[PDB]
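A closer look at the structure
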Amino acid sequence: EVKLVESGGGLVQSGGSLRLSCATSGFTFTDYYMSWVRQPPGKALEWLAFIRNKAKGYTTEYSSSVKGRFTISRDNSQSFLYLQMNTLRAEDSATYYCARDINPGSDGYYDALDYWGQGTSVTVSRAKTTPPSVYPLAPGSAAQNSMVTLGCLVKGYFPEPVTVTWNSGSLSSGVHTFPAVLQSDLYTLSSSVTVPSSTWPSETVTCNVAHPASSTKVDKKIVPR
Amino acid sequence: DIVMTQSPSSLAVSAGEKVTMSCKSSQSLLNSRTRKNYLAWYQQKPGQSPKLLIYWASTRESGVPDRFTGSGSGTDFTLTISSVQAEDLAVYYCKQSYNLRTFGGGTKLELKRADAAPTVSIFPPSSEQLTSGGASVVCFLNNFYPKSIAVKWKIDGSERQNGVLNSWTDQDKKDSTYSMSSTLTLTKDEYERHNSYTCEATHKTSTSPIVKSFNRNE
Ligand SMILES: O=C(O)[C@@]1(O)C[C@@H](O)[C@@H](O)[C@@H]([C@H](O)CO)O1
Ligand SMILES: [Mg+2]
Ligand SMILES: [Mg+2]
Ligand SMILES: [Mg+2]
Ligand SMILES: [Zn+2]
């Protein structure tokens, strides 16, 4: 199994620096070019840089948008890819992906980015890291039966992202997690879950919330009331 | 500069129907040495990383359903989906790799389905929030179609406009419906001045607003 895992994203002030990393396994690292691609929220993918394989002497290339400011590098001993980012600007806010690029020396050579990481998010801003408040959404009244909808409100955090799961991911069907909305330098998001009436409140339903930038971990049980 | 452009920016197609989308390069991507077009297509579903569908313009990546076909050469390329499935909802990007790499701006594919009325739920502020002096009222509008919808908040019968924040999910990959959340935020002091809180949903599936409410007193 080819595995690529980005790390290092977070909140950085304008003008500041940040180095992203990408851990790889499951293939011969030095055989492959590696690329970084980013995607600002709601916008197109943008290729930024690559570093060639061993046969090519690990040389580098960059898009004009980042040349002179970013440096791509690799550690071949542990199979890591890096992106050093300097002189950051708001327009650099985005999810950053690492992707396995070509091996031109292989007889099976095809020219594509065939494997991609889950991506790591970067926010370039002067605003303050703020952890979320997490509130339960329980019904005040309901008809005599059937399905019941609950939720969690994840209010007042910065920067993106948060993760929300329900019963540690074991409730996945019937979940809606709404995209966060920014108002006054703080984000708010909500998540709803819909389960059969016969299972709640008789069985527990809990939302699990994480806010990486503040290392927040919250479990909130939804109690009738 | 190799400039990549795609068309349409967005469209909607019913399940089972054919979809065609286009990609142009500002220069030919045909390597006369290799005889290959350095053009690839990527699929990005809501909240997922990009996935490789097609490379060399027409070679399907292993694992990709054969309803996906890439074609074209030179500066003009096409991705065709026969019998679109609900799971195919995504943004599709083409990308040249003739000279470094450059992505097009993407085509957003949505799915057309039968109209569906929203299921609407209203939630009062939690005791934990009120303890801290704030009061958020939340209304979920789930599983509706088309996307176009209006929510009105009424407090004690009158409309309240400021303090409202709205958010729509992407289309669902299974049932091709949409959902929306509306949150009205007040101070606890303002919340306690009034009794009736009402979320009113206006959707084409009915001529009367769907109305859900609760009373603070009760
Ligand atoms: O820059 C390169 O090393 C590379 O091999 C990348 C390939 O994707 C392709 O662009 C190739 C050119 O076709 C070489 O002319 O250059
Ligand atoms: Mg393959
Ligand atoms: Mg749904
Ligand atoms: Mg008032
Ligand atoms: Zn070079």
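Residues numbered from 1 in each chain as written, not as in the entry; some residues may be left out. Chains lettered and ligands numbered in written order. Heavy atoms only, no water.

- Per the deposited record, the coordinates in this entry were obtained by X-ray crystallography to a resolution of 1.800 Å.

- As recorded by the PDB entry, chain B carries the name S73-2 Fab (IgG1k) light chain and is attributed to Mus musculus.

- By the naming in the PDB entry, chain A goes by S73-2 Fab (IgG1k) heavy chain and is assigned to Mus musculus.

1. Some details on the side chain of B:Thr183
- Among the secondary structure elements, B:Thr183 is positioned in strand β19 (residues 178-187).
- Overall, the relative accessible area of 9% leaves B:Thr183 in the buried class.
- Filtering out sequence-adjacent residues up to four positions away, B:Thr183 remains in contact with A:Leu153, B:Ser136, B:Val137, B:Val138, B:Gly163, B:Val164 and B:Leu165. (Helix = DSSP H or I, 4+ residues; strand = E, 2+ residues; numbered from the N terminus. Buried < 20%, exposed > 50% of the residue type's maximum accessible area, 1.4 Å probe, protein only. Contact = heavy atoms within 4.5 Å.)

2. Quick notes on the sheet that holds strand β16 (residues 150-155) of chain B
All names here are of chain B.
- Read from one edge to the other, the open sheet built from four strands follows the order β17-β16-β20-β21, with strand pairing classed as antiparallel. Two strands lie at the open edges of the sheet, namely β17 (158-160) and β21 (210-215), each paired on one side alone. Across the sheet, the mean angle separating the axes of adjacent strands is 30 degrees when strand polarity is ignored.
- Both strand β20 (residues 196-202) and β21 contribute to a ladder of six bridges, which runs antiparallel. Its bridge partner being in β21, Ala201 is matched across the sheet by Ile210. (Pairing = 2+ DSSP bridges. Axes fitted to C-alpha atoms, helices over the stretch in contact; angles between N-to-C directions.)

3. Thoughts on the state of the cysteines
- Tallied over the full model, the rule gives four disulfides over all chains.
- Each bonded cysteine of chain B gets a number by its place in the sequence, and the pairs then read 1-2, 3-4.
- Each bonded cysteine of chain A is numbered by sequence order, and under that numbering the disulfide pairs are 1-2, 3-4. (Disulfide = S-S within 2.5 Å.)

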